[PDB]
Structures are given as structure tokens and as C-alpha cells.
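>>> need a 3D model of the following:
(2 chains, ligands or ions: 2)
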Amino acid sequence: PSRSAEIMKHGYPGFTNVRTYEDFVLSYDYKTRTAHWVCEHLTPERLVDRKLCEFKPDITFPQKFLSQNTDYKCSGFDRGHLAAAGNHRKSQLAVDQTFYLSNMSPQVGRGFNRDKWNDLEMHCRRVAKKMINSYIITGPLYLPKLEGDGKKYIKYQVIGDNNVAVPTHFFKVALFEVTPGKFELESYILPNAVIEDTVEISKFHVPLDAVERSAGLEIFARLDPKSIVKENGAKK
Amino acid sequence: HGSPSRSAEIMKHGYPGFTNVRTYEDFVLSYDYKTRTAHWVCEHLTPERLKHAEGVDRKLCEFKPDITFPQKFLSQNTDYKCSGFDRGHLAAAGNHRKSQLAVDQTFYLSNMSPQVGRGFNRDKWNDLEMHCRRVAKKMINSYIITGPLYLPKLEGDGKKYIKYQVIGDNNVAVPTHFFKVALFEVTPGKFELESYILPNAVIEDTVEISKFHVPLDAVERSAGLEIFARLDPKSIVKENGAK
Ligand SMILES: [Mg+2]
Ligand SMILES: [Mg+2]
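Numbers count the residues shown, from 1 in each chain, chains lettered A, B, ... in the order given. Ligands and ions are numbered 1, 2, ... in the order given. You can find the structure just below:
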């Protein structure tokens, strides 16, 4: 209601099958059976037993477009939450909802979901605690690669009876309000793959344009570019 | 006086989705920023609308981007040029015969998908389009929803993959298949439904279009869309020629 406007202050990346939860906002893709994007707003103050949580479908979407635990089970992938449970520990209801399958994408486990991707999540929280407001957009990507015939193909696995898409990569875009009305921007794209623990997350910095162009989204479109005072660690 | 406004008339039986919608003069389109082609298009035909207004000429139309979408999500003629694929119109030029503007707009790249030419766009796919017009000439109203599909195949590792080429600087998706669903009003409030999925591939000319019938549910699951979702089932008197 008013919370959703707080979360979405800087713009909707898109308007497709939008659902507003207690403490995050999500756009769902009926074709991939995972999200287009999720948006979160963090503050030091906003940053309960996670063990009570249950992976389950959000049944406010049509049945024919749901993913299920059986799709992820024995798939070789984790149920990887886009809006991290660790970002929503203010109430049991908030964290419970991060375990909805609409907020999950199939993720490589060891080496990614459990490690380097988690490192990135921890980074955003660490910085968010020193900031006024923070906004995080997170979502899957399906990126082309050149093949042996010299042509470009998008190729991605689908898992389970419901053919849930396994993204090739994920994006995360963080906006940190360092001083009132002034923001630091950080944009990342990481492969859905085993990543060495030694790889610093800055190696995955990309221009925001890359995220937008690849995802088909318009990110922080309400925000005046002149209010961005730092971008991927570089002063502006 | 009460004759409906055009977009309302076209969309009488519901929007399959609401993403990046463009209402053109004589068809409605939902555009996919990720694939740089449509999610779906919807058209409404009647026998009268299939009577050509003399002087309207497809020869005067130009393929061109609809520049009202953000630049970074546009396709261009150069994406298709030398790609190995035709610019295949989802809402067919031949369905829009009553004004030059109306047919001009079918040549917007938003309404184009990369299609195999010989044996598909120019042949079996066109056979399906012609079939729909032939049937529409005998119905009170006809509604057609058309769109691209990206469908999985089982590979040798025992895993399923969706794989499709992307073409040009803008990485326009080449759909694996296309769907078409036609709703034919045969008597007031009663409808015949026809649903098809064809591969974006060379198809033998001798193959009957009816070989590509699928249940509507199949199209919906594949496309991630809710198609003719407001229809009472009792209003449907025939499905894929049956009943
Ligand atoms: Mg996780
Ligand atoms: Mg054609």
C-alpha cells in the first residue's frame, strides 16, 4: 500500500504480473515460471525464526503458470531466492514470503547460491547498514553465446514437469542513498555457475545499460541521473 | 452511434496479457522488450472487413521500427538483413484491407518475428493465414491471436533446453515455433475454436495445417498467456473441428 510505494519509489522496472508482498515487490514471468524482477528497500533499522519458513507456491497466480518444489527436487539446482530471506527479518510474515516459489529461480548451489551469490547479498546488506535508504533490483537473465557456426544462441535448461527456466546469469542492481537525495549505484551480472571464492564481486560490475538491455527492463527510471554521485565504485 | 470503438471491438474477448501494449489502427499488439518481437497480436475480422478498399496497396508499405518503444528494446531492418530469416508479420498484411494506414502498420517491426522463408512464412504459415480468412468470410465475427513460442527439447544429457538463435546487433529472438488461435462466431454468441502450433521450420507443402492442432491449454501453457479466457465453455460448439 504505502509500503509498496516506499519500496518502488524510484520506479517499476516493468509492470508484468506484479505482486506486492509484506516487504518486497515482485514481477512474475508466466513463461519462465520465475520472476522478471524483484525490488527491495532496505534501511539500517529494517536490517523471528527462518526455520519456520516453507518453500511453497504463491497461489495468487494462475495454476497453469506455477512452479513447484518437485520441479527443483532432484534437478541439480537450489531454490534460489531473489529477494533474500536475510533482507526481511523484521517479521515472520515478511521472511515467510521470501520462500514463495515466485521469488525463486533455479540456481547452482555450491559455488553460487551458497557462496559467491551469497557474498554479493551480504555485501549489499553491509553497505545498506551504513546508508540512509537502499534499493535493490534482482532478476534472472538469459544471455546469448556465440557457437561453432558463428551464430549467437540463447540456450537455457528448463527443469521439472513445469519446465521452470534455469537462467544463464543473474543481475543485481543496488542503489545506496549516501547523503539525502544522493546515490551510489552498483550493477552486477553473475553467471549461474560455480564461481571461485577468490573472485571479487567487482569483477562482475557491468554498466546498468547492460542489465536493462538484457533483461528488457527500465531500472530506476524515475531517478535523476545527476543524483547518482558514484557508479560501480567510481565518483561522478 | 453505439458501434464500438476499434480497440474495444478487437479485444472483446479479452487481453491475453497486458505487457507493453500498442493499439494500432486495426490490430492490437503486446511487445516483448526481451525478445524484440511481440508477445502476441490480436485481430478482429468480419466478412465486410475482408472486402478490399480499392486503392489500398501493400506495395506502398515500408518495413520500419515502431520508434515509440525505448531505443534499447527496438529491432531494426538491419537485424533481419542477411540474417537468413524473413521479417514475418504476426498480424498479416492480408487481414487489413480497409485503409492504407491500417496495412502500413502491419509492417512495423514490433509486429515482425524472424521466420523461415521458403517452406514457412511464404508457404505453410501463409496457408494457415489463408485458411483463417476463408473461414472468417463465412462467420459473423472472427478473432485471431498470434504469437511466437520458445519451446524446449530433450537433449542427450537427458536434460531439456530451450535454445534459439538471436539475430543482429539487437539480438532479436528467432522463435522455435508460432501459435495461432482463431475464434469463429458461427451464430450469435456461439463459437468454433481452432488452435495451432507450427515449428519455425521448413514444412512440406503437402502437410495439412490441421496436423498442427493443439489443445488451447497447450498454447496457453507454452506462451504464458490467458487466451479467450472470458468465454463460457458452453459458448464453444466446436474445438479443432470436433463436436
Ligand atoms: Mg539464496
Ligand atoms: Mg508472413
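>>> run through the residues that contact the closest residue in space to residue A:106 that isn't next to it in sequence.
Closest residue to residue A:106 apart from its sequence neighbours, by CB to CB, 6 or more residues apart in numbering or on different chains: residue A:77 at 3.7 Å. Placement of C-beta: from N, CA and C, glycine included. Residue A:77 makes contacts with A:106, A:107, A:108, A:109, A:159, A:166, as judged by CB atoms under 8 Å, 6 or more residues apart in numbering or on different chains.
>>> and residue A:77, how far from chain B?
11 Å (CB to the nearest CB, to the nearest Å).
>>> then residue A:51?
Residue A:51 is 32 Å from chain B, by CB to the nearest CB.
>>> Three-state assignment for the residue sitting furthest away from the middle of chain A, please.
Ranking residues of chain A by C-alpha distance from their mean position (CA atoms, centre = their mean) puts residue A:149 at the top, at 33.2 Å. Classification of residue A:149 using DSSP: H, G, I helix; E, B strand; the rest coil returns coil.
>>> and the contacts of residue A:77 as TSV, adding secondary structure?
Output for those, formatted as TSV (three-state DSSP):
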residue	secondary structure
A:106	strand
A:107	strand
A:108	coil
A:109	helix
A:159	strand
A:166	coil
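>>> in those residues, find the pair that's most separated.
A:109 and A:159 (13.4 Å; CB to CB).
>>> and the most centrally placed residue in chain A, its phi and psi?
Centroid-nearest residue in chain A: residue A:138, 2.1 Å away (criterion: CA atoms, centre = their mean). Main-chain dihedrals, residue A:138, degrees, to the nearest 10: phi -130, psi 140.
>>> that one contacts residue A:174, doesn't it?
No. The criterion here is CB atoms under 8 Å, and residue A:138 misses it with residue A:174 at 9.2 Å.
>>> circling back to that earlier point, any idea how far the residue nearest to residue A:106 lies from residue A:166?
Look at residue A:77 and residue A:166: by CB to CB, to the nearest Å, they are 6 Å apart.
>>> quick one: name the residues of chain A near ligand 2.
Within chain A, not a single residue sits near ligand 2 (CB under 5 Å from the ion).
>>> longest helix of chain A?
When chain A is scanned for its longest helix (criterion: DSSP state H), the result is helix A:116-128.
>>> who has more neighbours out of residue A:109 and residue A:159?
residue A:159 (23 against 16; other CB atoms under 10 Å in any protein chain shown).
>>> so that one sits right up against residue A:78, yeah?
No. With contact defined as CB under 8 Å, residue A:159 does not count as touching residue A:78 (11.4 Å).
>>> residues that sit against both of those two, list them.
A:72, A:106.
>>> which stretches of chain A form helices?
Under DSSP H, chain A gives helices at A:2-7, A:69-72, A:92-97, A:116-128, A:208-215.
>>> the residue of chain A found nearest ligand 2: neighbour count?
Relative to ligand 2, the nearest point of chain A is residue A:151 (22.7 Å; CB to the ion). By other CB under 10 Å, the residues close to residue A:151 number 14.
>>> nearest residue to it in space, please, no chain neighbours.
residue B:165 (5.6 Å).
>>> which strand residues bridge the one you found?
residue A:153 (DSSP bridges).
>>> can stretch A:185-203 be found next to ligand 1?
No. Residues of stretch A:185-203 contacting ligand 1 under CB under 5 Å from the ion: none, with a closest distance of 12.0 Å.
>>> tell me the buried residues in that stretch?
For stretch A:185-203, burial by neighbour count (16 or more other CB atoms under 10 Å in any protein chain shown) applies to A:185, A:186, A:187, A:188, A:189, A:190, A:191, A:192, A:195, A:201.
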